[PDB]
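Chains as they are written, first to last, in the entry's author numbering: chain A, 1012 to 1059; chain B, 18 to 97; chain C, 591 to 626; chain D, 290 to 337.
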Amino acid sequence: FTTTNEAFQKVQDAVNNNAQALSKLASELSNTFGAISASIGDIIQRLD
Amino acid sequence: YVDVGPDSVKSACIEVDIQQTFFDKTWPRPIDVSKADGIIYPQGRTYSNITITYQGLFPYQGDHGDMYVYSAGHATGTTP
Amino acid sequence: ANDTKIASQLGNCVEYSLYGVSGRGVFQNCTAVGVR
Amino acid sequence: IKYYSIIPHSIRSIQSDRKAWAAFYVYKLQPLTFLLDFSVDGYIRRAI
């Protein structure tokens, strides 16, 4: 098992692919999607 | 308006001498982005132990910029 | 009031409106990190 | 403000007490995407 070994790298890549899917879902939560703020919260009560 | 106090009453301003050759000294100092020289936070929000890409006013990497150096006035003996 | 203070509701899921920023997050005391 | 002019400063040192003065370098600011590295302190020590 080493960086040179292709088979060991494939095992690491499979774990990385699972990690990438989790990271993307969390990143989408971070995205405003054009909202003024990530959470409406304050504008619901303090504003109209 | 705010008061800056009395303006100087001197009849004549001090004489100024400009010599190009004396000020012709080159010491280039390019901006180092890796050293984070001249860096201002774009949104003024701190981040801890993380790396991100952000858009803000920033100096060009490896920019020598404009160098201005102040110099002592001509003086003879102990009198400026 | 007491509810607004972070120390009173530490360890509890809470809605934060600090500085016009709104979110639902638990507040837990920890070591200082980032620029004060 | 569209224009700035540096003000030259001359120090009236006596000839015996003349001293070297640090040069100051002026760099223009333009909006640029910058990779930013943040430490535990949160100050930026590294960037690209």
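Ideal Cβ positions, reconstructed from N, Cα and C, are used throughout, including at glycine.
Anticipated Cβ contact below 8 Å, residue i with residue j, distance rounded
i	j	result
residue 325 of chain D	residue 336 of chain D	5 Å
residue 89 of chain B	residue 308 of chain D	7 Å
residue 303 of chain D	residue 92 of chain B	5 Å
residue 85 of chain B	residue 300 of chain D	About 14 Å separates the two Cβ atoms, so there is no contact after all.
residue 329 of chain D	residue 65 of chain B	6 Å
Residue environment, residue i, which counts as buried when at least 16 other CB atoms sit within 10 Å
i	result
residue 76 of chain B	buried
residue 314 of chain D	buried
residue 40 of chain B	exposed
residue 1019 of chain A	exposed
residue 1012 of chain A	exposed
residue 1044 of chain A	exposed
Within 8 Å, strictly: CB atoms of residue i and residue j
i	j	result
residue 332 of chain D	residue 623 of chain C	no
residue 87 of chain B	residue 310 of chain D	yes
residue 316 of chain D	residue 55 of chain B	yes
residue 95 of chain B	residue 327 of chain D	no
residue 1053 of chain A	residue 598 of chain C	no
Sufficient close CB pairs (3 or more, under 8 Å) joining the stretch 74 to 85 of chain B to the stretch 40 to 49 of chain B: Yes, since at least three Cβ pairs between the stretch 74 to 85 of chain B and the stretch 40 to 49 of chain B fall closer than 8 Å, the two stretches touch.
Inter-stretch contact at 8 Å, needing at least 3 Cβ pairs: the stretch 608 to 619 of chain C / the stretch 1045 to 1052 of chain A: yes
The stretch 306 to 325 of chain D: positions lying closer than 9 Å to chain B by Cβ: 306, 307, 308, 309, 310, 311, 312, 313, 314, 315, 316, 317, 318, 319, 320, 321, 322, 323, 324, 325
Proximal residues, the stretch 1044 to 1057 of chain A versus chain C, C-beta separation under 9 Å: 1048, 1049, 1050, 1051, 1052, 1053, 1054, 1055, 1056, 1057
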